[PDB]
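Peer 1: Got final_14.txt for you, compact mmCIF, N, CA, C and O atoms and all ligand atoms:
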```txt
# COMPACT_ATOMS: atom_id res chain seq x y z
N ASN Q 446 -61.37 -96.36 -106.15
CA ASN Q 446 -61.72 -96.48 -104.76
C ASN Q 446 -60.52 -96.97 -103.98
O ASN Q 446 -60.34 -96.55 -102.85
N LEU Q 447 -59.69 -97.85 -104.56
CA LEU Q 447 -58.48 -98.24 -103.85
C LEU Q 447 -57.55 -97.07 -103.76
O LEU Q 447 -56.93 -96.84 -102.73
N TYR Q 448 -57.47 -96.28 -104.82
CA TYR Q 448 -56.58 -95.15 -104.81
C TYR Q 448 -56.94 -94.21 -103.66
O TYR Q 448 -56.06 -93.75 -102.94
N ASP Q 449 -58.23 -93.93 -103.47
CA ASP Q 449 -58.63 -93.05 -102.38
C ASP Q 449 -58.64 -93.76 -101.03
O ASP Q 449 -58.37 -93.14 -100.02
N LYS Q 450 -58.95 -95.05 -100.98
CA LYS Q 450 -58.93 -95.75 -99.71
C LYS Q 450 -57.54 -95.65 -99.14
O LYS Q 450 -57.36 -95.38 -97.95
N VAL Q 451 -56.57 -95.86 -100.01
CA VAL Q 451 -55.18 -95.81 -99.68
C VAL Q 451 -54.74 -94.39 -99.40
O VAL Q 451 -54.12 -94.15 -98.37
N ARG Q 452 -55.12 -93.42 -100.22
CA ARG Q 452 -54.73 -92.04 -99.96
C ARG Q 452 -55.22 -91.57 -98.59
O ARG Q 452 -54.48 -90.88 -97.88
N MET Q 453 -56.45 -91.92 -98.22
CA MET Q 453 -56.99 -91.52 -96.93
C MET Q 453 -56.24 -92.21 -95.80
O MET Q 453 -55.91 -91.57 -94.80
N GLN Q 454 -55.92 -93.50 -95.96
CA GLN Q 454 -55.18 -94.23 -94.94
C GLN Q 454 -53.77 -93.68 -94.75
O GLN Q 454 -53.26 -93.64 -93.63
N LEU Q 455 -53.15 -93.25 -95.84
CA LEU Q 455 -51.78 -92.74 -95.85
C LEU Q 455 -51.64 -91.26 -95.48
O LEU Q 455 -50.56 -90.83 -95.04
N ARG Q 456 -52.70 -90.49 -95.66
CA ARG Q 456 -52.75 -89.06 -95.37
C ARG Q 456 -51.60 -88.28 -96.00
O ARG Q 456 -51.37 -88.34 -97.20
N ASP Q 457 -50.85 -87.56 -95.17
CA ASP Q 457 -49.78 -86.70 -95.62
C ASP Q 457 -48.41 -87.31 -95.44
O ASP Q 457 -47.40 -86.61 -95.52
N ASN Q 458 -48.34 -88.61 -95.18
CA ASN Q 458 -47.05 -89.24 -94.96
C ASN Q 458 -46.49 -89.76 -96.27
O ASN Q 458 -45.41 -90.37 -96.30
N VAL Q 459 -47.27 -89.53 -97.33
CA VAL Q 459 -46.97 -89.89 -98.70
C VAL Q 459 -47.26 -88.74 -99.63
O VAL Q 459 -48.02 -87.83 -99.29
N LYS Q 460 -46.75 -88.81 -100.84
CA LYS Q 460 -47.13 -87.84 -101.84
C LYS Q 460 -47.66 -88.55 -103.07
O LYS Q 460 -47.16 -89.60 -103.47
N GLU Q 461 -48.65 -87.95 -103.69
CA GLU Q 461 -49.17 -88.52 -104.91
C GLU Q 461 -48.24 -88.13 -106.02
O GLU Q 461 -47.84 -86.98 -106.11
N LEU Q 462 -47.94 -89.06 -106.92
CA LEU Q 462 -47.09 -88.73 -108.04
C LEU Q 462 -47.89 -88.33 -109.28
O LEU Q 462 -47.34 -87.88 -110.28
N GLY Q 463 -49.20 -88.50 -109.21
CA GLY Q 463 -50.08 -88.12 -110.31
C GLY Q 463 -50.19 -89.18 -111.40
O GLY Q 463 -50.84 -88.96 -112.41
N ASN Q 464 -49.56 -90.33 -111.20
CA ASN Q 464 -49.58 -91.40 -112.18
C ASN Q 464 -50.10 -92.69 -111.57
O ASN Q 464 -49.67 -93.77 -111.97
N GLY Q 465 -50.97 -92.56 -110.56
CA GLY Q 465 -51.56 -93.69 -109.85
C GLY Q 465 -50.70 -94.34 -108.73
O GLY Q 465 -51.06 -95.42 -108.25
N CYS Q 466 -49.59 -93.68 -108.31
CA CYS Q 466 -48.62 -94.16 -107.32
C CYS Q 466 -48.41 -93.20 -106.15
O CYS Q 466 -48.46 -91.97 -106.29
N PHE Q 467 -48.13 -93.79 -104.99
CA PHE Q 467 -47.83 -93.04 -103.77
C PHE Q 467 -46.41 -93.24 -103.30
O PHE Q 467 -45.99 -94.36 -103.00
N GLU Q 468 -45.66 -92.15 -103.22
CA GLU Q 468 -44.29 -92.24 -102.75
C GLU Q 468 -44.24 -91.91 -101.27
O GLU Q 468 -44.83 -90.93 -100.83
N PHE Q 469 -43.57 -92.73 -100.50
CA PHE Q 469 -43.52 -92.53 -99.07
C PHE Q 469 -42.44 -91.56 -98.68
O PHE Q 469 -41.39 -91.51 -99.32
N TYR Q 470 -42.65 -90.84 -97.58
CA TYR Q 470 -41.63 -89.94 -97.05
C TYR Q 470 -40.80 -90.60 -95.97
O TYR Q 470 -39.99 -89.95 -95.30
N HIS Q 471 -40.98 -91.89 -95.81
CA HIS Q 471 -40.26 -92.66 -94.83
C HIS Q 471 -39.90 -94.01 -95.37
O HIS Q 471 -40.53 -94.51 -96.30
N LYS Q 472 -38.90 -94.62 -94.77
CA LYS Q 472 -38.55 -95.96 -95.18
C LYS Q 472 -39.80 -96.81 -94.90
O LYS Q 472 -40.30 -96.78 -93.77
N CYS Q 473 -40.26 -97.58 -95.91
CA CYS Q 473 -41.46 -98.43 -95.83
C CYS Q 473 -41.08 -99.83 -96.32
O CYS Q 473 -41.00 -100.10 -97.51
N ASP Q 474 -40.76 -100.69 -95.37
CA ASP Q 474 -40.29 -102.04 -95.67
C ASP Q 474 -41.45 -102.96 -95.89
O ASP Q 474 -42.60 -102.57 -95.68
N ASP Q 475 -41.18 -104.22 -96.19
CA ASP Q 475 -42.22 -105.21 -96.41
C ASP Q 475 -43.33 -105.15 -95.36
O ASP Q 475 -44.51 -105.06 -95.72
N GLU Q 476 -42.99 -105.09 -94.08
CA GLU Q 476 -44.00 -105.01 -93.01
C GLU Q 476 -44.98 -103.82 -93.17
O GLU Q 476 -46.17 -103.96 -92.84
N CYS Q 477 -44.48 -102.64 -93.64
CA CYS Q 477 -45.21 -101.41 -93.93
C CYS Q 477 -46.10 -101.65 -95.14
O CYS Q 477 -47.30 -101.40 -95.11
N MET Q 478 -45.53 -102.19 -96.19
CA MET Q 478 -46.29 -102.40 -97.41
C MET Q 478 -47.44 -103.36 -97.17
O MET Q 478 -48.54 -103.19 -97.72
N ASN Q 479 -47.22 -104.31 -96.28
CA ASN Q 479 -48.21 -105.29 -95.92
C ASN Q 479 -49.32 -104.67 -95.09
O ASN Q 479 -50.38 -105.26 -94.91
N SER Q 480 -49.04 -103.51 -94.50
CA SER Q 480 -49.99 -102.82 -93.66
C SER Q 480 -50.82 -101.90 -94.55
O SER Q 480 -52.04 -101.84 -94.44
N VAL Q 481 -50.16 -101.30 -95.54
CA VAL Q 481 -50.80 -100.36 -96.46
C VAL Q 481 -51.85 -101.07 -97.28
O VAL Q 481 -52.89 -100.49 -97.57
N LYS Q 482 -51.56 -102.30 -97.69
CA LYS Q 482 -52.53 -103.06 -98.48
C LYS Q 482 -53.84 -103.45 -97.73
O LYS Q 482 -54.75 -103.96 -98.38
N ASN Q 483 -53.92 -103.33 -96.36
CA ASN Q 483 -55.11 -103.65 -95.58
C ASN Q 483 -55.42 -102.46 -94.63
O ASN Q 483 -54.89 -101.37 -94.82
N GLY Q 484 -56.32 -102.62 -93.63
CA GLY Q 484 -56.80 -101.49 -92.79
C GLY Q 484 -55.88 -100.96 -91.68
O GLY Q 484 -56.30 -100.87 -90.53
N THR Q 485 -54.63 -100.63 -92.01
CA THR Q 485 -53.73 -100.07 -91.00
C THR Q 485 -52.49 -99.34 -91.55
O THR Q 485 -51.90 -99.74 -92.54
N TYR Q 486 -52.09 -98.27 -90.85
CA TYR Q 486 -50.88 -97.49 -91.17
C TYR Q 486 -50.71 -96.33 -90.19
O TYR Q 486 -51.61 -95.50 -90.07
N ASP Q 487 -49.57 -96.24 -89.50
CA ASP Q 487 -49.36 -95.09 -88.61
C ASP Q 487 -47.87 -94.71 -88.47
O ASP Q 487 -47.11 -95.40 -87.79
N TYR Q 488 -47.45 -93.63 -89.16
CA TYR Q 488 -46.06 -93.13 -89.21
C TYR Q 488 -45.99 -91.62 -88.93
O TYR Q 488 -45.75 -90.84 -89.85
N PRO Q 489 -46.17 -91.18 -87.67
CA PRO Q 489 -46.35 -89.79 -87.23
C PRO Q 489 -45.27 -88.72 -87.41
O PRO Q 489 -45.60 -87.54 -87.40
N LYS Q 490 -43.99 -89.07 -87.56
CA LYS Q 490 -43.00 -88.00 -87.65
C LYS Q 490 -41.92 -88.20 -88.67
O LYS Q 490 -40.75 -88.35 -88.32
N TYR Q 491 -42.29 -88.22 -89.94
CA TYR Q 491 -41.31 -88.45 -90.99
C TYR Q 491 -41.14 -87.30 -91.95
O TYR Q 491 -40.62 -87.47 -93.04
N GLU Q 492 -41.59 -86.12 -91.56
CA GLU Q 492 -41.43 -84.98 -92.44
C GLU Q 492 -39.98 -84.52 -92.37
O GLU Q 492 -39.42 -84.38 -91.28
N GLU Q 493 -39.37 -84.26 -93.53
CA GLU Q 493 -38.01 -83.70 -93.54
C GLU Q 493 -38.09 -82.34 -94.21
O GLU Q 493 -37.38 -81.40 -93.87
N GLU Q 494 -39.02 -82.27 -95.14
CA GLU Q 494 -39.32 -81.12 -96.00
C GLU Q 494 -40.03 -79.93 -95.28
O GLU Q 494 -40.11 -78.83 -95.85
N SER Q 495 -40.57 -80.17 -94.07
CA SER Q 495 -41.34 -79.29 -93.21
C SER Q 495 -40.39 -78.43 -92.36
O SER Q 495 -40.51 -77.20 -92.29
N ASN C 446 -70.57 -86.26 -101.96
CA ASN C 446 -70.67 -84.93 -102.50
C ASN C 446 -70.67 -83.92 -101.38
O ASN C 446 -70.12 -82.85 -101.56
N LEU C 447 -71.28 -84.24 -100.22
CA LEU C 447 -71.18 -83.31 -99.11
C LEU C 447 -69.77 -83.26 -98.62
O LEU C 447 -69.26 -82.19 -98.30
N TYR C 448 -69.10 -84.40 -98.59
CA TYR C 448 -67.74 -84.42 -98.11
C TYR C 448 -66.87 -83.48 -98.95
O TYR C 448 -66.08 -82.71 -98.41
N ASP C 449 -67.02 -83.52 -100.28
CA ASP C 449 -66.22 -82.64 -101.12
C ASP C 449 -66.77 -81.23 -101.17
O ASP C 449 -66.00 -80.28 -101.29
N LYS C 450 -68.08 -81.03 -101.06
CA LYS C 450 -68.62 -79.69 -101.07
C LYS C 450 -68.02 -78.94 -99.91
O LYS C 450 -67.60 -77.78 -100.04
N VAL C 451 -67.98 -79.62 -98.77
CA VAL C 451 -67.44 -79.09 -97.55
C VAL C 451 -65.93 -78.96 -97.63
O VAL C 451 -65.41 -77.90 -97.31
N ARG C 452 -65.22 -79.96 -98.14
CA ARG C 452 -63.77 -79.85 -98.25
C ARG C 452 -63.37 -78.64 -99.10
O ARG C 452 -62.41 -77.95 -98.76
N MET C 453 -64.07 -78.41 -100.21
CA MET C 453 -63.76 -77.29 -101.07
C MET C 453 -64.06 -75.97 -100.38
O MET C 453 -63.26 -75.04 -100.45
N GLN C 454 -65.18 -75.90 -99.64
CA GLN C 454 -65.53 -74.68 -98.92
C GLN C 454 -64.53 -74.37 -97.81
O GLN C 454 -64.23 -73.21 -97.56
N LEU C 455 -64.02 -75.42 -97.16
CA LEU C 455 -63.10 -75.29 -96.04
C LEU C 455 -61.62 -75.13 -96.43
O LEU C 455 -60.82 -74.60 -95.64
N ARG C 456 -61.26 -75.57 -97.63
CA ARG C 456 -59.91 -75.50 -98.17
C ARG C 456 -58.86 -76.05 -97.22
O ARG C 456 -58.95 -77.19 -96.77
N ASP C 457 -57.86 -75.23 -96.90
CA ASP C 457 -56.73 -75.64 -96.08
C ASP C 457 -56.84 -75.18 -94.65
O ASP C 457 -55.86 -75.21 -93.90
N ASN C 458 -58.02 -74.72 -94.23
CA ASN C 458 -58.16 -74.24 -92.87
C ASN C 458 -58.58 -75.36 -91.95
O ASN C 458 -58.81 -75.14 -90.74
N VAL C 459 -58.72 -76.54 -92.55
CA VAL C 459 -59.09 -77.79 -91.91
C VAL C 459 -58.18 -78.91 -92.36
O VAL C 459 -57.55 -78.82 -93.41
N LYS C 460 -58.19 -80.01 -91.64
CA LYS C 460 -57.49 -81.18 -92.11
C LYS C 460 -58.44 -82.36 -92.15
O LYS C 460 -59.30 -82.53 -91.29
N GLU C 461 -58.26 -83.20 -93.15
CA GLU C 461 -59.08 -84.39 -93.23
C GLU C 461 -58.50 -85.39 -92.27
O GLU C 461 -57.29 -85.59 -92.24
N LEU C 462 -59.36 -86.09 -91.55
CA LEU C 462 -58.87 -87.12 -90.65
C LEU C 462 -58.87 -88.50 -91.29
O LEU C 462 -58.35 -89.47 -90.72
N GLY C 463 -59.45 -88.60 -92.47
CA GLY C 463 -59.48 -89.86 -93.21
C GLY C 463 -60.61 -90.79 -92.78
O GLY C 463 -60.70 -91.91 -93.27
N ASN C 464 -61.46 -90.33 -91.87
CA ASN C 464 -62.56 -91.14 -91.38
C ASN C 464 -63.89 -90.44 -91.57
O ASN C 464 -64.81 -90.61 -90.77
N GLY C 465 -63.96 -89.60 -92.61
CA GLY C 465 -65.17 -88.82 -92.95
C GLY C 465 -65.39 -87.51 -92.15
O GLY C 465 -66.48 -86.93 -92.24
N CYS C 466 -64.36 -87.03 -91.40
CA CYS C 466 -64.41 -85.85 -90.53
C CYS C 466 -63.34 -84.81 -90.85
O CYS C 466 -62.21 -85.14 -91.24
N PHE C 467 -63.69 -83.55 -90.62
CA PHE C 467 -62.79 -82.42 -90.80
C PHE C 467 -62.46 -81.72 -89.50
O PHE C 467 -63.34 -81.21 -88.81
N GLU C 468 -61.18 -81.69 -89.15
CA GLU C 468 -60.77 -81.03 -87.92
C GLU C 468 -60.32 -79.62 -88.26
O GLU C 468 -59.55 -79.41 -89.19
N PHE C 469 -60.79 -78.64 -87.52
CA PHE C 469 -60.46 -77.26 -87.80
C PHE C 469 -59.16 -76.87 -87.16
O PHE C 469 -58.83 -77.34 -86.08
N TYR C 470 -58.46 -75.92 -87.79
CA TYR C 470 -57.23 -75.39 -87.22
C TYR C 470 -57.48 -74.11 -86.44
O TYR C 470 -56.54 -73.43 -86.01
N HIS C 471 -58.74 -73.79 -86.23
CA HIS C 471 -59.13 -72.62 -85.50
C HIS C 471 -60.33 -72.90 -84.66
O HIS C 471 -61.09 -73.84 -84.91
N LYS C 472 -60.53 -72.08 -83.64
CA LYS C 472 -61.71 -72.23 -82.83
C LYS C 472 -62.89 -72.02 -83.78
O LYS C 472 -62.92 -71.00 -84.47
N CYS C 473 -63.86 -72.96 -83.79
CA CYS C 473 -65.04 -72.94 -84.65
C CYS C 473 -66.27 -73.16 -83.78
O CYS C 473 -66.61 -74.28 -83.40
N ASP C 474 -66.90 -72.06 -83.39
CA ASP C 474 -68.03 -72.09 -82.48
C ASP C 474 -69.31 -72.34 -83.24
O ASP C 474 -69.29 -72.37 -84.47
N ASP C 475 -70.42 -72.42 -82.54
CA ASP C 475 -71.71 -72.64 -83.16
C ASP C 475 -71.93 -71.79 -84.42
O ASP C 475 -72.26 -72.32 -85.47
N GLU C 476 -71.65 -70.49 -84.35
CA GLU C 476 -71.81 -69.61 -85.51
C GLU C 476 -71.03 -70.08 -86.77
O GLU C 476 -71.52 -69.91 -87.89
N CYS C 477 -69.80 -70.64 -86.57
CA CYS C 477 -68.90 -71.20 -87.59
C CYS C 477 -69.53 -72.48 -88.12
O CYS C 477 -69.70 -72.66 -89.32
N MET C 478 -69.95 -73.35 -87.22
CA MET C 478 -70.50 -74.63 -87.64
C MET C 478 -71.77 -74.42 -88.47
O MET C 478 -72.02 -75.14 -89.44
N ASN C 479 -72.50 -73.38 -88.13
CA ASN C 479 -73.72 -73.03 -88.82
C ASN C 479 -73.42 -72.47 -90.20
O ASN C 479 -74.32 -72.36 -91.03
N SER C 480 -72.20 -72.02 -90.41
CA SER C 480 -71.79 -71.44 -91.66
C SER C 480 -71.27 -72.56 -92.55
O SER C 480 -71.60 -72.64 -93.73
N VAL C 481 -70.57 -73.52 -91.94
CA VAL C 481 -69.99 -74.64 -92.65
C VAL C 481 -71.07 -75.50 -93.26
O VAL C 481 -70.90 -76.03 -94.36
N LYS C 482 -72.17 -75.69 -92.54
CA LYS C 482 -73.27 -76.49 -93.07
C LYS C 482 -74.00 -75.89 -94.30
O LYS C 482 -74.84 -76.59 -94.87
N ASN C 483 -73.80 -74.58 -94.67
CA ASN C 483 -74.42 -73.94 -95.83
C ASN C 483 -73.32 -73.23 -96.65
O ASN C 483 -72.13 -73.49 -96.46
N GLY C 484 -73.68 -72.37 -97.63
CA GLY C 484 -72.70 -71.77 -98.58
C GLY C 484 -71.80 -70.63 -98.09
O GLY C 484 -71.75 -69.57 -98.73
N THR C 485 -71.11 -70.81 -96.97
CA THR C 485 -70.19 -69.78 -96.48
C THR C 485 -69.15 -70.23 -95.46
O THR C 485 -69.42 -71.06 -94.60
N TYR C 486 -67.95 -69.65 -95.54
CA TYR C 486 -66.85 -69.90 -94.60
C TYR C 486 -65.61 -69.08 -94.98
O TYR C 486 -65.12 -69.22 -96.10
N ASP C 487 -65.09 -68.25 -94.07
CA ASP C 487 -63.86 -67.51 -94.39
C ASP C 487 -63.00 -67.22 -93.15
O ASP C 487 -63.34 -66.34 -92.35
N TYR C 488 -61.91 -67.98 -92.96
CA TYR C 488 -60.99 -67.90 -91.81
C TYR C 488 -59.51 -67.84 -92.26
O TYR C 488 -58.79 -68.82 -92.11
N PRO C 489 -59.05 -66.69 -92.80
CA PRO C 489 -57.76 -66.48 -93.48
C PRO C 489 -56.42 -66.66 -92.77
O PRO C 489 -55.42 -66.87 -93.45
N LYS C 490 -56.34 -66.57 -91.44
CA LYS C 490 -55.01 -66.66 -90.83
C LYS C 490 -54.94 -67.48 -89.57
O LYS C 490 -54.66 -66.94 -88.50
N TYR C 491 -55.19 -68.77 -89.68
CA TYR C 491 -55.18 -69.62 -88.50
C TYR C 491 -54.12 -70.70 -88.52
O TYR C 491 -54.22 -71.67 -87.78
N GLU C 492 -53.13 -70.55 -89.37
CA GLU C 492 -52.09 -71.56 -89.41
C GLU C 492 -51.17 -71.35 -88.22
O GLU C 492 -50.75 -70.22 -87.95
N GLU C 493 -50.82 -72.42 -87.51
CA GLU C 493 -49.85 -72.32 -86.42
C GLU C 493 -48.66 -73.18 -86.78
O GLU C 493 -47.51 -72.88 -86.48
N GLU C 494 -48.99 -74.24 -87.51
CA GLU C 494 -48.08 -75.29 -87.98
C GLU C 494 -47.13 -74.87 -89.14
O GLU C 494 -46.18 -75.58 -89.45
N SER C 495 -47.43 -73.72 -89.79
CA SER C 495 -46.77 -73.12 -90.94
C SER C 495 -45.58 -72.27 -90.48
O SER C 495 -44.46 -72.40 -90.99
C1 LIG Q 501 -53.01 -106.58 -91.89
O1 LIG Q 501 -51.60 -106.80 -92.25
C2 LIG Q 501 -50.68 -106.98 -91.09
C3 LIG Q 501 -49.25 -107.07 -91.64
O2 LIG Q 501 -48.99 -108.27 -92.36
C4 LIG Q 501 -51.13 -108.23 -90.25
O3 LIG Q 501 -50.30 -108.36 -89.09
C5 LIG Q 501 -52.63 -108.04 -89.82
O4 LIG Q 501 -53.06 -109.21 -89.09
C6 LIG Q 501 -53.53 -107.86 -91.09
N1 LIG Q 501 -54.95 -107.63 -90.69
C7 LIG Q 501 -55.99 -108.28 -91.26
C8 LIG Q 501 -57.39 -108.00 -90.81
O5 LIG Q 501 -55.82 -109.11 -92.17
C1 LIG Q 502 -76.16 -69.60 -93.64
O1 LIG Q 502 -75.93 -69.72 -92.19
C2 LIG Q 502 -75.69 -68.42 -91.50
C3 LIG Q 502 -75.36 -68.73 -90.03
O2 LIG Q 502 -76.46 -69.23 -89.28
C4 LIG Q 502 -76.94 -67.49 -91.68
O3 LIG Q 502 -76.69 -66.22 -91.08
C5 LIG Q 502 -77.22 -67.31 -93.22
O4 LIG Q 502 -78.40 -66.49 -93.39
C6 LIG Q 502 -77.45 -68.71 -93.88
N1 LIG Q 502 -77.68 -68.56 -95.35
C7 LIG Q 502 -78.68 -69.18 -96.01
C8 LIG Q 502 -78.83 -68.98 -97.49
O5 LIG Q 502 -79.49 -69.92 -95.42
```
Starting from the coordinates I provided, produce the structure as structure tokens.

Peer 2:
Amino acid sequence: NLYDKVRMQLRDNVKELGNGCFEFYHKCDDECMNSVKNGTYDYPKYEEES
Amino acid sequence: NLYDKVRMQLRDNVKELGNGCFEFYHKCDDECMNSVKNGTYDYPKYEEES
């Protein structure tokens, strides 16, 4: 449930590695990680691969 | 189970908003919505973002 709670919060700004981890497509510093662990996250334009 | 039944039926012609809702990438009128609620849906070329 944490895995999906987090996947839904993170949407497409991350990729699943298939081993229980999410890799970010943007620099995610302590302040970001602190946001991911609770009810918030918003990083709208970090696609490079698109 | 409805969330996934619907996600599988809708595939990539929709996006998950992460709050229990699916946003369509195409105009989806009453006739479409009536199809989504039961065993049918087929909208092959509505990507704009691709
Ligand atoms: C969520 O984490 C951020 C970052 O540390 C913090 O500012 C915010 O107050 C926290 N929200 C709750 C409800 O704890
Ligand atoms: C599914 O919904 C469509 C649209 O209203 C309808 O035409 C079709 O007969 C319905 N199928 C079933 C099995 O109810």

Peer 1: Hey, what does DSSP flag as helix (DSSP H, G or I) within chain C? Can you give it to me as an MDAnalysis selection string?

Peer 2: chainID C and resid 447:455 475:481

Peer 1: Would you mind reading off the distance between atom CA of residue Q:455 and atom C of residue C:461, one decimal, in Å?

Peer 2: 10.6 Å

Peer 1: With distances taken over only N, CA, C and O atoms, which residue among C:473, C:481, C:447, C:462 lies nearest chain Q?

Peer 2: C:462

Peer 1: One number please: atom N of residue Q:479 to atom CA of residue Q:459, in Å, one decimal.

Peer 2: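 Going from atom N of residue Q:479 over to atom CA of residue Q:459, I get 14.6 Å.
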
Peer 1: Just the residues within 8 Å of stretch 488-495 of chain Q, please, counting all atoms listed in the file, with nothing from its chain fewer than 5 positions along; format it as a ChimeraX atom specification.

Peer 2: /Q:454-455,457-459,469-472 /C:494-495

Peer 1: Could you take the residues named above and write them with N, CA, C and O atoms, as a JSON list (two decimals), in the frame of the given file?

Peer 2:
```json
[["chain", "number", "residue", "atom", "x", "y", "z"],
["Q", 454, "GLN", "N", -55.92, -93.50, -95.96],
["Q", 454, "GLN", "CA", -55.18, -94.23, -94.94],
["Q", 454, "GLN", "C", -53.77, -93.68, -94.75],
["Q", 454, "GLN", "O", -53.26, -93.64, -93.63],
["Q", 455, "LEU", "N", -53.15, -93.25, -95.84],
["Q", 455, "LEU", "CA", -51.78, -92.74, -95.85],
["Q", 455, "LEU", "C", -51.64, -91.26, -95.48],
["Q", 455, "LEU", "O", -50.56, -90.83, -95.04],
["Q", 457, "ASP", "N", -50.85, -87.56, -95.17],
["Q", 457, "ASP", "CA", -49.78, -86.70, -95.62],
["Q", 457, "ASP", "C", -48.41, -87.31, -95.44],
["Q", 457, "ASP", "O", -47.40, -86.61, -95.52],
["Q", 458, "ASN", "N", -48.34, -88.61, -95.18],
["Q", 458, "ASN", "CA", -47.05, -89.24, -94.96],
["Q", 458, "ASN", "C", -46.49, -89.76, -96.27],
["Q", 458, "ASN", "O", -45.41, -90.37, -96.30],
["Q", 459, "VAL", "N", -47.27, -89.53, -97.33],
["Q", 459, "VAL", "CA", -46.97, -89.89, -98.70],
["Q", 459, "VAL", "C", -47.26, -88.74, -99.63],
["Q", 459, "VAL", "O", -48.02, -87.83, -99.29],
["Q", 469, "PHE", "N", -43.57, -92.73, -100.50],
["Q", 469, "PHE", "CA", -43.52, -92.53, -99.07],
["Q", 469, "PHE", "C", -42.44, -91.56, -98.68],
["Q", 469, "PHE", "O", -41.39, -91.51, -99.32],
["Q", 470, "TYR", "N", -42.65, -90.84, -97.58],
["Q", 470, "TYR", "CA", -41.63, -89.94, -97.05],
["Q", 470, "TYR", "C", -40.80, -90.60, -95.97],
["Q", 470, "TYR", "O", -39.99, -89.95, -95.30],
["Q", 471, "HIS", "N", -40.98, -91.89, -95.81],
["Q", 471, "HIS", "CA", -40.26, -92.66, -94.83],
["Q", 471, "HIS", "C", -39.90, -94.01, -95.37],
["Q", 471, "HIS", "O", -40.53, -94.51, -96.30],
["Q", 472, "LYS", "N", -38.90, -94.62, -94.77],
["Q", 472, "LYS", "CA", -38.55, -95.96, -95.18],
["Q", 472, "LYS", "C", -39.80, -96.81, -94.90],
["Q", 472, "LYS", "O", -40.30, -96.78, -93.77],
["C", 494, "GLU", "N", -48.99, -74.24, -87.51],
["C", 494, "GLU", "CA", -48.08, -75.29, -87.98],
["C", 494, "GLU", "C", -47.13, -74.87, -89.14],
["C", 494, "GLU", "O", -46.18, -75.58, -89.45],
["C", 495, "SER", "N", -47.43, -73.72, -89.79],
["C", 495, "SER", "CA", -46.77, -73.12, -90.94],
["C", 495, "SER", "C", -45.58, -72.27, -90.48],
["C", 495, "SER", "O", -44.46, -72.40, -90.99]]
```

Peer 1: Just to confirm, what's the straight-line distance from atom CA of residue C:477 to atom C1 of ligand LIG 502 (chain Q) in Å (one decimal)?

Peer 2: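 Distance between the two atoms: 9.6 Å.
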
Peer 1: Please return as a ChimeraX atom specification: the residues of chain C that backbone DSSP assigns to strand (DSSP E or B).

Peer 2: /C:459-461,467-469

Peer 1: In terms of the shortest atom-to-atom distance over only N, CA, C and O atoms, which of C:448, C:474, C:485, C:463 is closest to chain Q?

Peer 2: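 Looking at the shortest contact to chain Q, the residue is C:463.
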
Peer 1: Which residues are near ligand LIG 501 (chain Q) in this structure, taking near to mean any atom at most 6 Å from a ligand atom and counting only N, CA, C and O atoms and all ligand atoms? Format them as a count of residues only.

Peer 2: 5

Peer 1: Using all atoms of stretch 448-461 of chain Q listed in the file and a margin of 8 Å per side, can you give the axis-aligned box centre and edge lengths in Å to one decimal, as AutoDock Vina command-line options?

Peer 2:
```
--center_x -52.2 --center_y -91.4 --center_z -99.9 --size_x 29.5 --size_y 25.7 --size_z 28.5
```

Peer 1: Nearest to chain Q: which of C:487, C:456, C:478, C:464 is it, counting all atoms listed in the file?

Peer 2: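 Looking only at the distances to chain Q, the closest residue turns out to be C:464.
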